[PDB]
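Protein chains in written order, with the authors' numbering: chain o, 52 to 102; chain F, 52 to 102.
Beta carbons: idealized from backbone N, C-alpha and C, even for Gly.
See structure below.
Number of protein chains: 2
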Amino acid sequence: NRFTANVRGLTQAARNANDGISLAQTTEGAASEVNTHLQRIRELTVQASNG
Amino acid sequence: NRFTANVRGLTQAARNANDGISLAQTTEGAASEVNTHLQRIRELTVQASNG
């Protein structure tokens, strides 16, 4: 009984951790796109810093 | 006569003990089903504990 409970709990834990990985993946992808936006903004800032 | 009375009593006692075995079996089956439930509640609690 104890082993069955532990096994089901740990399988559900693996599912939860996979969900966490997927959430981190989405957040990281959006952050990378924001990173590209910051890169482009810095490019424009360097261009327009000229007189 | 004492032997006969004791023999009939012991046989009827064996029948009573068989009934006790069956009662314990029914209780054991019901408890096993409650256990199978509790595993599912535990797994779902682990699942929903994820934020």
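Range of the contiguous alpha helix (DSSP H) that encloses residue i
{"i": "F/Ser83", "result": "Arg53 to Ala99"}
Whole-angstrom distance between residue j and residue i, CA atom to CA atom
{"i": "o/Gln98", "j": "o/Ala75", "result": "34 Å"}
{"i": "o/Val85", "j": "o/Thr77", "result": "13 Å"}
{"i": "F/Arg93", "j": "o/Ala65", "result": "15 Å"}
{"i": "F/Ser100", "j": "o/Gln63", "result": "10 Å"}
{"i": "o/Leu61", "j": "F/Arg59", "result": "56 Å"}
{"i": "o/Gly102", "j": "o/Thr96", "result": "12 Å"}
{"i": "o/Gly71", "j": "F/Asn69", "result": "55 Å"}
{"i": "o/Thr87", "j": "F/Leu89", "result": "50 Å"}
{"i": "o/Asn52", "j": "F/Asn67", "result": "31 Å"}
Query raised in the report: Using a beta-carbon distance cut-off of less than 7 Å, what residues from the region 90-102 of chain F approach chain o?
Result: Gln90, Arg93, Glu94, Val97, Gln98 and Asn101
Query - Residues within the region 70-84 of chain o neighbouring chain F, beta-carbon criterion of under 7 Å - result: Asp70
Query raised in the report: For the region 52-67 of chain o, which residues have a CB atom closer than 9 Å to at least one CB atom of chain F, in sequence order?
Result: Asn52, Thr55, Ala56, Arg59, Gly60, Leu61, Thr62, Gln63, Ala64, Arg66 and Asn67
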